[PDB]
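Colleague: After the C-alpha cells below, expect a handful of questions from me.
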Amino acid sequence: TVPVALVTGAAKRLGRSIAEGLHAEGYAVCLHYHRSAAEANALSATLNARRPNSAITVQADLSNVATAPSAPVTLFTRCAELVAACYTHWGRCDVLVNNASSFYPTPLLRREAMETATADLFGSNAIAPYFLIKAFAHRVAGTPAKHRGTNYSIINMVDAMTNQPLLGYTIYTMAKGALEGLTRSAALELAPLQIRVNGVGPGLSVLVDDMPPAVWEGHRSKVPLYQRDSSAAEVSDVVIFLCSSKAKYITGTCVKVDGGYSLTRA
Amino acid sequence: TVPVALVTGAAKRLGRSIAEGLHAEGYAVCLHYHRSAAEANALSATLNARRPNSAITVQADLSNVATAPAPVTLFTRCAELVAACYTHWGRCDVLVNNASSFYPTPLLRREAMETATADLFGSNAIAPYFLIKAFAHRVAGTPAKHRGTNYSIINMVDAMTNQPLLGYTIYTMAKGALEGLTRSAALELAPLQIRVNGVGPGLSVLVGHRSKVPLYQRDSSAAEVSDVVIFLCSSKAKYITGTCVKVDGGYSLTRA
Amino acid sequence: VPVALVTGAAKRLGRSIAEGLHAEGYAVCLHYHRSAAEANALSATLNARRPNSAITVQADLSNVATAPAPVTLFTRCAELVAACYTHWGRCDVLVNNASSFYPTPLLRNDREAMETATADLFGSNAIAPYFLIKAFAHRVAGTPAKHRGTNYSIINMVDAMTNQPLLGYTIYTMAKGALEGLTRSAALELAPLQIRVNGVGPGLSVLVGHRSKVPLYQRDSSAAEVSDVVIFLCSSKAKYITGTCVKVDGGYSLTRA
Amino acid sequence: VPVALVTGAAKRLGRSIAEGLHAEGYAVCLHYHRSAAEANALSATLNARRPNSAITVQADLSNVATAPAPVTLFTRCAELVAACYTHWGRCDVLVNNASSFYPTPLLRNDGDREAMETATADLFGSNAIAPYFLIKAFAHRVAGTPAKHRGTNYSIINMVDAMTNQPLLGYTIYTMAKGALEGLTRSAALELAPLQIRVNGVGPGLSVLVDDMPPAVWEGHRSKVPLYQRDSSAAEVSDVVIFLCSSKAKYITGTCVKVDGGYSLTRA
Ligand SMILES: NC(=O)c1ccc[n+]([C@@H]2O[C@H](COP(=O)([O-])OP(=O)(O)OC[C@H]3O[C@@H](n4cnc5c(N)ncnc54)[C@H](OP(=O)(O)O)[C@@H]3O)[C@@H](O)[C@H]2O)c1
Ligand SMILES: NC(=O)c1ccc[n+]([C@@H]2O[C@H](COP(=O)([O-])OP(=O)(O)OC[C@H]3O[C@@H](n4cnc5c(N)ncnc54)[C@H](OP(=O)(O)O)[C@@H]3O)[C@@H](O)[C@H]2O)c1
Ligand SMILES: NC(=O)c1ccc[n+]([C@@H]2O[C@H](COP(=O)([O-])OP(=O)(O)OC[C@H]3O[C@@H](n4cnc5c(N)ncnc54)[C@H](OP(=O)(O)O)[C@@H]3O)[C@@H](O)[C@H]2O)c1
Ligand SMILES: NC(=O)c1ccc[n+]([C@@H]2O[C@H](COP(=O)([O-])OP(=O)(O)OC[C@H]3O[C@@H](n4cnc5c(N)ncnc54)[C@H](OP(=O)(O)O)[C@@H]3O)[C@@H](O)[C@H]2O)c1
Ligand SMILES: C[C@H](O)[C@H](O)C1=Nc2c(nc(N)[nH]c2=O)NC1
Ligand SMILES: C[C@H](O)[C@H](O)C1=Nc2c(nc(N)[nH]c2=O)NC1
Ligand SMILES: C[C@H](O)[C@H](O)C1=Nc2c(nc(N)[nH]c2=O)NC1
Ligand SMILES: C[C@H](O)[C@H](O)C1=Nc2c(nc(N)[nH]c2=O)NC1
C-alpha cells in the first residue's frame, strides 16, 4: 500500500525537497537526474537508510534530441522508460512531478548553440513533461480498474513570474507557457481516469547568488512578503499538499508560491 | 499558543466545514451568522463540548446598510466582529471571508434593486474590506513582541465568475471586487506578515450542470473545499500570498 | 447619425474619447460632475464644427442619494441615457469613463469620510456603470427590432495595472475589479441584443519617476493613444469583439519590481 | 511603402490579413508551405491592383532540417525575412499566422514514431518555434539598420487562440504551442520595446469554421458563440490585426486581443 512518486531533476534544490517531502509522507521515490549522479545517489542512500527500498535513481537527458543506444533513442522512449522504471521496480507510479528544467538566456538581440538551446529548454520544460504524462497515463489506462491506485496526481513546476518576462529568457518563458497549457489540457483529458494535473509556480526560491551581494539582496528585497526568496520547503510543502487526498477536487490549476512577487510592477 | 479564527457565515455548508476544519487543527473559532442563529449555536455547542471555550457566535448583517442601535454603519459592525475575538480570547489570527448572498440581478426582464446592491456587494466585497481593515489595525496596534506568528486571511471567491452565470451581474461583480481586495490587501499587509489569499469553489454541496464537472462529474463536498482553506492557513503555506486557488474539478476548463 | 454617451467627458481621456467619437460622426452627450466650464467649452467646440452634435448633462455618479423625494443613483443614471433619447432619439454607444481615484489605506500609518469614499469610488467606477448599462440595455430592448441601431457598443474604462495593485488604493482597485466583472457579465447577457461590451485599460496616461519605467517609449501615453483604441472598439470593424479587455499600457503590466 | 510579411497567407485568415494590410497600402510578402496555387493567385490579384505590391515565398516552418548541408528552421526563417529586404529593402510588419492544427491524444482509448516525432516538430514549429526565429531575424534586421533609416511603425502580430485556456479535448501539443506563442508575445514585446517594435497577439474563437461534418453538427458548434451565434468571417478577425499594426495602436504592446464573440465566457 506504498504509493510511488517519480520526480524529475530530483538531485537538488526544489526537486530534492519535493522528493524528501513525498518520502516523508510515505512514498517510495524514483529520483531522476541528468548530470547530478553523485548528488542523486547520495539522496537515495539517505532515503533508503531511513526506509529500505524506498528510493531508486534513473538517468536521462530530457532535452528534445535523440541519444545513442541499435538505433537512436528518442526523447519519448527515454520518458516512457522513466515511468517504466517505476512499474518494473515497484509495480506502480501514483505521482509524477515534472520539476527538471534548464534555465538560461536566449536573447533576441545581440548554430549548434541555438539548435541545442531550443531542444534543451523546450525539452526539459515542456516536451519531456508531455511524453512523461502520456506514458504515465498509458500505464494507468492499461491497469485493470480494480488494481488502479486511488490518488493519481501530476504536478508541473511552472513559474509565477513568466507573465512579467525576465529580459532575455524568451525560449524558457515560452516553454513554461507551453507547460501551463499542458497542465490544463492534460487535466481535462485525464479527468476520466481520475488523474489530477496541477501546477506549482515559484517566484524566487533559493535564489542563485552568483553576483555582488548588493545585487542579490536588491533582488530578494523586492518580494513583498518577507523580502526574501523562499526556502525549498516553502515550495515543496505545497507540492506535497496538492498530491494529498485532501486536494482531490483540485485539477487543472496553477498555484503561485511567490510571496506576492507577481503583484509588483516596476 | 491557541490561535483564533473568525469565520463569516459559519453556520452551515462551506463556512461550517471551514470552522470545523480550523477547530480540528486546534483553533478557537468565532462563528459569525446573520439569520442562522439556531444552527450557529448548535455548531458552537458541539465544538465547545469537544474543547471548552473554543467557540463563540456573533450576529451581524454584512449588507452595506445602516442598522438600528445613532445608526450603526457596516464598518462598525465589522470592527465589532473582530473586536469580539480580541475581547473574548485576546487575539484573531485568521479571518475567513465566507459569508455571501447569491441571487439573480437580471439586466433584462428599485427598493429590492437597492437592497440587492447593498446586500450582494456588502457581504461579498465591502464587509470583507472592512473586516480586513479592522483585522489589520488590531495586528498593527499589537506590540511586535506580542503578535502571532501566522496571520492569514482567506477570501472565498468563485472559480467560475470569469464564465459568468447568466443574470447574476452584481454578484459576479462583487466577486471580482473580492479578487481585487485579495491582491491589494496581500500587497499592503505583507509588511505585517499577514497573508491574504482566495479559494474559489466551482460547484459545491449543491442542494443540473453537476455532470459537466470534468473530474468525478459531481459538485464537491464541503470538506473538499474547506481542507484547502485549512492548508492555506497552515504555516506550511507561509510563502503563499495574493493568490486565488480554484477548487473546481476542472469546471473552469470547460466551454459550451 | 449615431449617438455616444461619454461619462466624465470634460477633460483628459474622456474628452479625447468624446472628440474621437465626434470625429467619426457621432453626436455626443458629454457627462460631467464638477467640470461644468470645461464640459460646456468642449460642447461649444464640437457644436461649432457640426451643429447639434453635442450636449452636456451633469450628474454625481457616486452611490448616494441626491436632493431634487431623494433621487437615487439608478434614477440619475437612467436620466443620463434618457437625455440622449429625448434630445436625439437614440443612444448607440456608452463609454463608462468617469472615475474617482484616491487612496484608501488599509494601515493608519473624518469617520464618514470612509462612507463617502466607498460610495464615491465604487459608485463612479462600478455601480453607476452597472446602472447606466442596465438603462442603456432597457432602451434598446424597448425599441422595436426594425428601428434598432446596427452597432451598439459599450466600453468600460478599466485599468491595465490593477492586478499589480497600487499601494494604498484598495477600494479603487476593488472597484475596477468589479468593473471587469461587469464587462464580462454584461457582454454575455446583452449578446442577444447585439450589444457589445468591452474594456480598455490604460497603464499610465497624461500624467500631471514612474514614466521612465514604461518599456515602450519610457513615457505615459497621450490621451489619443488611449482614445483611438476606444474608437476602434466602437467601430463596425470590431463587431465580433465582446467581453474583452484591451490593455493600452506600453508593456507596463509586463514589468516586475 | 511599408512592407508586411504574412506567414500561411494563401487562404482563410492569413489571406484576409494580407488583403487587409495591402488595402492599407502595404506591399506584402505572402509565405506559403503547400498552397502554391492559392498563394500565387493571391499575389497576381494584389499585383494587378498595384504593381510590385506582392511576392510569394515557400517554407516549411516545421521544426526540422530540410534538404539544401541540411537547412535548419532558423535559416529558413531568416531567409523569409531576408526576402523582404532583398526585394523591397524593408520589413515593417510580421504576422505569425501559419499554423498546423490536429489532434495529439494523450490516450489511445483511455509508422508510429514517425507521426509523433513529426507532429511535435510540425505543431510546435509552426505555432511557436518558427515565430520565435522569425521575430529574432526581424529584430536583428531592425537593429542592424542605422536609426536614421528605420521604419517608424514596426509591429509584430502573433495569431494566438482565445479558447486555449478551455482546452479542446485531444489537442494537447497544439494547445501547448499556442501557450508558448503567448509567452513569446510578452517576452519579445518587453525585449524589443527599446527598438519600438511592438508585439501583440490576436486570438480568434471560431472563425470560418471548417464544415466538413454534418450540417446539424456544424450549426450546433457555431450556435454556442454568445454574440450572433456563429463563427466569425475572416475580415472580422483580420480588421483587428490591421488596426493593431496601425499607428493609432502605437502605445499597445505585449497584449493579446480576443476576437471570439464572447465564446471564452461560456462554460459547459
Ligand atoms: N528556483 C527558482 O527561483 C524558481 C523560480 C520559478 C520557477 N522554478 C521552477 O521550479 C523547478 C525547480 O527549480 P530549481 O531551481 O530547483 O531548478 P534547477 O536547480 O535549475 O534545475 C533542476 C534540475 O533540472 C535538471 N535538468 C535541467 N536540464 C535538464 C535536461 N535537459 N534533462 C534532464 N534534466 C535536466 C537538472 O538535473 P541534473 O542536476 O541532475 O543535471 C537540475 O538539477 C523548475 O521547473 C523551475 O523552472 C524555480
Ligand atoms: N456552493 C457553491 O457551489 C459555491 C461556488 C462558488 C463560490 N462559492 C462561495 O463559497 C462561499 C461559501 O459558499 P456557500 O454555498 O456555503 O454559501 P451560502 O450557503 O450561499 O451562504 C453562506 C452564508 O453567508 C451568509 N450571508 C449571506 N448574506 C449575508 C449578509 N447580507 N450578511 C451576513 N451574512 C450573510 C449566510 O448566513 P446565515 O445563514 O447565518 O444568514 C449564509 O449562511 C461563498 O463566499 C460563495 O460565494 C460557493
Ligand atoms: N490616467 C491614467 O493614467 C489612467 C490609468 C489607468 C486607468 N485609467 C482610467 O481611464 C479613465 C479616464 O482616466 P482619466 O485620468 O482621464 O480620469 P480622471 O481625470 O481622473 O477623471 C475622469 C472624470 O471622472 C469624473 N468623476 C470622478 N468622480 C465622479 C463622480 N463621483 N461622479 C461623476 N463623475 C465623476 C470627473 O468629472 P468632473 O471633472 O466633471 O467632476 C473626472 O473629470 C478612468 O476610468 C480611469 O480609471 C486612467
Ligand atoms: N479558424 C479558427 O477558428 C481559429 C481559431 C483560433 C485560432 N486560430 C488561429 O488563427 C490563425 C489562422 O487560422 P486559420 O484557420 O486561417 O489557419 P489554417 O487555415 O488552419 O492554416 C493557416 C496556414 O498555416 C500554414 N501551415 C500549417 N503548417 C505549416 C507548416 N508546418 N509550415 C509552414 N506553414 C504551415 C498553411 O499553409 P499552406 O496552406 O500554404 O500549406 C495554412 O494555410 C492560426 O494561427 C490559427 O491557429 C484560428
Ligand atoms: C533567477 C530568476 O529570477 C528565478 O529565481 C528563476 N530561477 C530558476 C528557474 N528555473 C530553473 N530551472 N532554475 C532556476 O534557478 N526559473 C526562474
Ligand atoms: C449554483 C452556481 O452554479 C454555483 O454552485 C454557486 N453557488 C453559490 C455561490 N455563492 C453562494 N453564496 N451560494 C451558492 O450556493 N456562488 C456560485
Ligand atoms: C497614477 C497611477 O499610477 C495611474 O496613472 C492611474 N491614474 C488614474 C486612474 N484613475 C483615474 N480616475 N484617474 C487617474 O489619474 N487609475 C490609475
Ligand atoms: C475548430 C476549432 O474549435 C477552432 O475553430 C480552431 N480552428 C483552427 C485553429 N488553428 C488552425 N491553424 N486552423 C484552424 O482551423 N485553432 C482552433
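Chain labels run A, B, ... following the order of the C-alpha cells; each chain numbers its residues from 1, and ligands are numbered from 1 in the order shown.
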Got a sec: who's within 8 Å of segment 225-241 of chain C, counting only C-alpha atoms, leaving out chain neighbours fewer than 4 positions off, as number ranges by chain?

Modeller: C: 13, 16-17, 20-21, 93, 151-155, 196, 198, 200, 202, 205, 221, 248; D: 227, 232, 236-237, 239-240, 243, 248-251, 258-262

Colleague: Contacts between chain C and chain B, please, where a residue of chain B counts if it comes within 6 Å (with only C-alpha atoms); show its shortest atom pair and distance in Å to one decimal, rows by chain and ascending number, as a tab-separated table.

Modeller:
residue	atom	partner	partner_atom	distance
B:107	CA	C:134	CA	5.4
B:133	CA	C:106	CA	5.4
B:164	CA	C:185	CA	5.4
B:169	CA	C:185	CA	5.6
B:172	CA	C:181	CA	5.9
B:173	CA	C:178	CA	4.2
B:174	CA	C:178	CA	5.9
B:176	CA	C:178	CA	4.8
B:177	CA	C:174	CA	4.2
B:180	CA	C:174	CA	4.7
B:181	CA	C:174	CA	5.6
B:184	CA	C:165	CA	5.3

Colleague: Taking 2 positions as the minimum chain separation for residues in the same chain, which residues sit within 6 Å of segment 122-139 of chain A when counting only C-alpha atoms? Answer as a list in words.

Modeller: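 Everything that qualifies: residues 62, 63, 64, 76, 79, 80, 98, 101, 118, 119, 120, 141, 142, 175 and 179 of chain A; 106 of chain D.
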
Colleague: Write a file of the just-selected residues containing N, CA and C atoms, as an mmCIF file, in the first residue's frame.

Modeller:
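Writing the result to again.cif gives the following:
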data_model
loop_
_atom_site.group_PDB
_atom_site.id
_atom_site.type_symbol
_atom_site.label_atom_id
_atom_site.label_comp_id
_atom_site.auth_asym_id
_atom_site.auth_seq_id
_atom_site.Cartn_x
_atom_site.Cartn_y
_atom_site.Cartn_z
ATOM 1 N N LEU A 62 16.536 14.958 -20.715
ATOM 2 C CA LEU A 62 15.155 15.236 -21.142
ATOM 3 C C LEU A 62 15.120 16.294 -22.250
ATOM 4 N N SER A 63 16.274 16.564 -22.827
ATOM 5 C CA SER A 63 16.322 17.510 -23.915
ATOM 6 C C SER A 63 15.606 16.842 -25.109
ATOM 7 N N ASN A 64 14.987 17.628 -25.983
ATOM 8 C CA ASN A 64 14.278 17.037 -27.122
ATOM 9 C C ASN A 64 15.224 16.650 -28.274
ATOM 10 N N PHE A 76 10.840 10.509 -26.394
ATOM 11 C CA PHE A 76 9.644 9.809 -25.951
ATOM 12 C C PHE A 76 10.002 8.465 -25.314
ATOM 13 N N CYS A 79 11.503 8.861 -21.922
ATOM 14 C CA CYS A 79 10.472 9.237 -20.958
ATOM 15 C C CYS A 79 9.656 8.020 -20.606
ATOM 16 N N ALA A 80 9.255 7.244 -21.609
ATOM 17 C CA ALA A 80 8.493 6.026 -21.310
ATOM 18 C C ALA A 80 9.289 5.100 -20.381
ATOM 19 N N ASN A 98 6.902 16.928 -12.634
ATOM 20 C CA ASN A 98 7.758 17.438 -13.685
ATOM 21 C C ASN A 98 8.437 18.670 -13.136
ATOM 22 N N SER A 101 14.356 21.079 -15.258
ATOM 23 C CA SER A 101 14.217 22.266 -16.117
ATOM 24 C C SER A 101 15.516 22.989 -16.375
ATOM 25 N N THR A 118 17.306 25.383 -27.967
ATOM 26 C CA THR A 118 15.900 25.163 -28.245
ATOM 27 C C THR A 118 15.485 23.778 -27.789
ATOM 28 N N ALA A 119 16.241 22.770 -28.209
ATOM 29 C CA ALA A 119 15.887 21.411 -27.839
ATOM 30 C C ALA A 119 15.962 21.160 -26.326
ATOM 31 N N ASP A 120 16.935 21.781 -25.665
ATOM 32 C CA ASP A 120 17.146 21.608 -24.231
ATOM 33 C C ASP A 120 16.102 22.371 -23.376
ATOM 34 N N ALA A 141 -4.216 3.708 -17.743
ATOM 35 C CA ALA A 141 -5.296 3.194 -18.568
ATOM 36 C C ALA A 141 -5.128 1.684 -18.763
ATOM 37 N N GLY A 142 -3.889 1.233 -18.913
ATOM 38 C CA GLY A 142 -3.639 -0.175 -19.125
ATOM 39 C C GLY A 142 -3.723 -1.020 -17.865
ATOM 40 N N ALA A 175 8.576 28.034 -23.087
ATOM 41 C CA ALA A 175 8.433 26.656 -22.629
ATOM 42 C C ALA A 175 7.548 26.577 -21.404
ATOM 43 N N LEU A 179 4.098 24.623 -20.832
ATOM 44 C CA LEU A 179 3.864 23.742 -19.666
ATOM 45 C C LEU A 179 2.514 24.067 -18.953
ATOM 46 N N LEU D 106 -3.714 12.133 -25.616
ATOM 47 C CA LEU D 106 -2.819 11.617 -24.590
ATOM 48 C C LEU D 106 -3.034 10.119 -24.470
#

Colleague: Set the cut-off to 6 Å, count only C-alpha atoms and all ligand atoms, and list whatever residues fall near ligand 8 as JSON, numbers by chain.

Modeller: {"D": [99, 100, 101, 206, 207, 209]}

Colleague: Next, write the just-selected residues to a file, as a PDB file, in the first residue's frame, keeping N, CA, C and O atoms as the atom set.

Modeller:
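Result file follows (out-v5.pdb):
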ATOM      1  N   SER D  99       0.056  27.967 -39.163  1.00  0.00           N
ATOM      2  CA  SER D  99      -0.189  27.108 -38.008  1.00  0.00           C
ATOM      3  C   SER D  99      -0.806  25.765 -38.331  1.00  0.00           C
ATOM      4  O   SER D  99      -1.831  25.709 -39.027  1.00  0.00           O
ATOM      5  N   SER D 100      -0.218  24.692 -37.818  1.00  0.00           N
ATOM      6  CA  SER D 100      -0.807  23.374 -38.041  1.00  0.00           C
ATOM      7  C   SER D 100      -1.711  23.117 -36.846  1.00  0.00           C
ATOM      8  O   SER D 100      -1.448  23.598 -35.729  1.00  0.00           O
ATOM      9  N   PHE D 101      -2.778  22.365 -37.082  1.00  0.00           N
ATOM     10  CA  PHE D 101      -3.773  22.140 -36.043  1.00  0.00           C
ATOM     11  C   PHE D 101      -4.422  20.765 -36.242  1.00  0.00           C
ATOM     12  O   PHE D 101      -5.167  20.572 -37.196  1.00  0.00           O
ATOM     13  N   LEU D 206     -13.911  31.034 -32.886  1.00  0.00           N
ATOM     14  CA  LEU D 206     -14.256  30.161 -34.017  1.00  0.00           C
ATOM     15  C   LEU D 206     -14.350  31.093 -35.226  1.00  0.00           C
ATOM     16  O   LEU D 206     -15.159  32.025 -35.192  1.00  0.00           O
ATOM     17  N   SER D 207     -13.535  30.879 -36.269  1.00  0.00           N
ATOM     18  CA  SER D 207     -13.591  31.718 -37.493  1.00  0.00           C
ATOM     19  C   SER D 207     -13.593  30.863 -38.728  1.00  0.00           C
ATOM     20  O   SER D 207     -12.796  29.929 -38.819  1.00  0.00           O
ATOM     21  N   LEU D 209     -15.258  28.552 -39.584  1.00  0.00           N
ATOM     22  CA  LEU D 209     -15.226  27.176 -39.092  1.00  0.00           C
ATOM     23  C   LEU D 209     -15.300  26.125 -40.212  1.00  0.00           C
ATOM     24  O   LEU D 209     -16.212  26.146 -41.010  1.00  0.00           O
TER      25      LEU D 209
END

Colleague: Would you list which chain D residues are within 10 Å of chain B using only C-alpha atoms, as a ChimeraX atom specification?

Modeller: /D:163-169,221,223-226,262-268

Colleague: What would the file look like if the residues just selected were written as a PDB file, in the first residue's frame with N, CA, C and O atoms?

Modeller:
ATOM      1  N   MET D 163      -9.523  30.418 -27.127  1.00  0.00           N
ATOM      2  CA  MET D 163     -10.090  29.308 -26.401  1.00  0.00           C
ATOM      3  C   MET D 163      -9.134  28.305 -25.769  1.00  0.00           C
ATOM      4  O   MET D 163      -9.597  27.358 -25.118  1.00  0.00           O
ATOM      5  N   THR D 164      -7.824  28.482 -25.963  1.00  0.00           N
ATOM      6  CA  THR D 164      -6.886  27.514 -25.414  1.00  0.00           C
ATOM      7  C   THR D 164      -6.894  27.352 -23.899  1.00  0.00           C
ATOM      8  O   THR D 164      -6.470  26.305 -23.408  1.00  0.00           O
ATOM      9  N   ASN D 165      -7.379  28.347 -23.148  1.00  0.00           N
ATOM     10  CA  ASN D 165      -7.455  28.151 -21.705  1.00  0.00           C
ATOM     11  C   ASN D 165      -8.649  27.269 -21.318  1.00  0.00           C
ATOM     12  O   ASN D 165      -8.843  26.955 -20.135  1.00  0.00           O
ATOM     13  N   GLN D 166      -9.457  26.897 -22.311  1.00  0.00           N
ATOM     14  CA  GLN D 166     -10.594  25.974 -22.120  1.00  0.00           C
ATOM     15  C   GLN D 166     -10.238  24.970 -23.205  1.00  0.00           C
ATOM     16  O   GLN D 166     -10.914  24.878 -24.228  1.00  0.00           O
ATOM     17  N   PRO D 167      -9.175  24.186 -22.970  1.00  0.00           N
ATOM     18  CA  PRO D 167      -8.696  23.218 -23.948  1.00  0.00           C
ATOM     19  C   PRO D 167      -9.661  22.361 -24.710  1.00  0.00           C
ATOM     20  O   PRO D 167     -10.619  21.815 -24.169  1.00  0.00           O
ATOM     21  N   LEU D 168      -9.375  22.286 -25.999  1.00  0.00           N
ATOM     22  CA  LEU D 168     -10.107  21.455 -26.907  1.00  0.00           C
ATOM     23  C   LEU D 168      -9.578  20.044 -26.569  1.00  0.00           C
ATOM     24  O   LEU D 168      -8.356  19.809 -26.555  1.00  0.00           O
ATOM     25  N   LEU D 169     -10.480  19.116 -26.286  1.00  0.00           N
ATOM     26  CA  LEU D 169     -10.091  17.754 -25.923  1.00  0.00           C
ATOM     27  C   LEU D 169      -9.219  17.040 -26.986  1.00  0.00           C
ATOM     28  O   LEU D 169      -9.585  16.957 -28.168  1.00  0.00           O
ATOM     29  N   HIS D 221     -22.140  23.680 -33.249  1.00  0.00           N
ATOM     30  CA  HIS D 221     -20.884  24.282 -32.789  1.00  0.00           C
ATOM     31  C   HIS D 221     -20.925  25.821 -32.825  1.00  0.00           C
ATOM     32  O   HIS D 221     -20.643  26.469 -31.817  1.00  0.00           O
ATOM     33  N   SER D 223     -23.479  27.759 -32.965  1.00  0.00           N
ATOM     34  CA  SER D 223     -24.578  28.293 -32.158  1.00  0.00           C
ATOM     35  C   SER D 223     -24.155  28.548 -30.690  1.00  0.00           C
ATOM     36  O   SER D 223     -24.872  29.238 -29.934  1.00  0.00           O
ATOM     37  N   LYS D 224     -23.013  27.990 -30.281  1.00  0.00           N
ATOM     38  CA  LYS D 224     -22.534  28.185 -28.905  1.00  0.00           C
ATOM     39  C   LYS D 224     -21.925  29.558 -28.684  1.00  0.00           C
ATOM     40  O   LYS D 224     -21.763  29.964 -27.556  1.00  0.00           O
ATOM     41  N   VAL D 225     -21.535  30.249 -29.759  1.00  0.00           N
ATOM     42  CA  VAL D 225     -20.955  31.584 -29.626  1.00  0.00           C
ATOM     43  C   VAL D 225     -22.036  32.575 -29.164  1.00  0.00           C
ATOM     44  O   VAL D 225     -23.006  32.803 -29.863  1.00  0.00           O
ATOM     45  N   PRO D 226     -21.876  33.168 -27.971  1.00  0.00           N
ATOM     46  CA  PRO D 226     -22.882  34.130 -27.468  1.00  0.00           C
ATOM     47  C   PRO D 226     -23.260  35.253 -28.454  1.00  0.00           C
ATOM     48  O   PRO D 226     -24.438  35.488 -28.706  1.00  0.00           O
ATOM     49  N   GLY D 262     -17.394  36.411 -27.500  1.00  0.00           N
ATOM     50  CA  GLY D 262     -17.786  36.027 -26.151  1.00  0.00           C
ATOM     51  C   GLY D 262     -17.686  34.538 -25.868  1.00  0.00           C
ATOM     52  O   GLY D 262     -18.086  34.068 -24.792  1.00  0.00           O
ATOM     53  N   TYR D 263     -17.128  33.782 -26.810  1.00  0.00           N
ATOM     54  CA  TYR D 263     -17.057  32.341 -26.613  1.00  0.00           C
ATOM     55  C   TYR D 263     -16.271  31.902 -25.372  1.00  0.00           C
ATOM     56  O   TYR D 263     -16.649  30.932 -24.726  1.00  0.00           O
ATOM     57  N   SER D 264     -15.210  32.609 -25.022  1.00  0.00           N
ATOM     58  CA  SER D 264     -14.398  32.231 -23.875  1.00  0.00           C
ATOM     59  C   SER D 264     -15.144  32.508 -22.566  1.00  0.00           C
ATOM     60  O   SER D 264     -14.684  32.133 -21.507  1.00  0.00           O
ATOM     61  N   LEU D 265     -16.289  33.180 -22.651  1.00  0.00           N
ATOM     62  CA  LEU D 265     -17.094  33.485 -21.468  1.00  0.00           C
ATOM     63  C   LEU D 265     -18.053  32.357 -21.125  1.00  0.00           C
ATOM     64  O   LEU D 265     -18.693  32.405 -20.098  1.00  0.00           O
ATOM     65  N   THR D 266     -18.158  31.358 -21.997  1.00  0.00           N
ATOM     66  CA  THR D 266     -19.059  30.254 -21.756  1.00  0.00           C
ATOM     67  C   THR D 266     -18.436  29.152 -20.916  1.00  0.00           C
ATOM     68  O   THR D 266     -17.214  29.094 -20.753  1.00  0.00           O
ATOM     69  N   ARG D 267     -19.300  28.296 -20.385  1.00  0.00           N
ATOM     70  CA  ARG D 267     -18.908  27.161 -19.564  1.00  0.00           C
ATOM     71  C   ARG D 267     -19.800  26.024 -20.022  1.00  0.00           C
ATOM     72  O   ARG D 267     -20.824  26.291 -20.628  1.00  0.00           O
ATOM     73  N   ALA D 268     -19.417  24.770 -19.760  1.00  0.00           N
ATOM     74  CA  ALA D 268     -20.254  23.631 -20.152  1.00  0.00           C
ATOM     75  C   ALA D 268     -21.562  23.586 -19.321  1.00  0.00           C
ATOM     76  O   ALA D 268     -22.521  22.925 -19.764  1.00  0.00           O
TER      77      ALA D 268
END

Colleague: To one decimal in Å, tell me the separation between atom 7 (C, counted along the ligand's line) of ligand 2 and atom CA of residue 37 of chain B.

Modeller: 22.4 Å
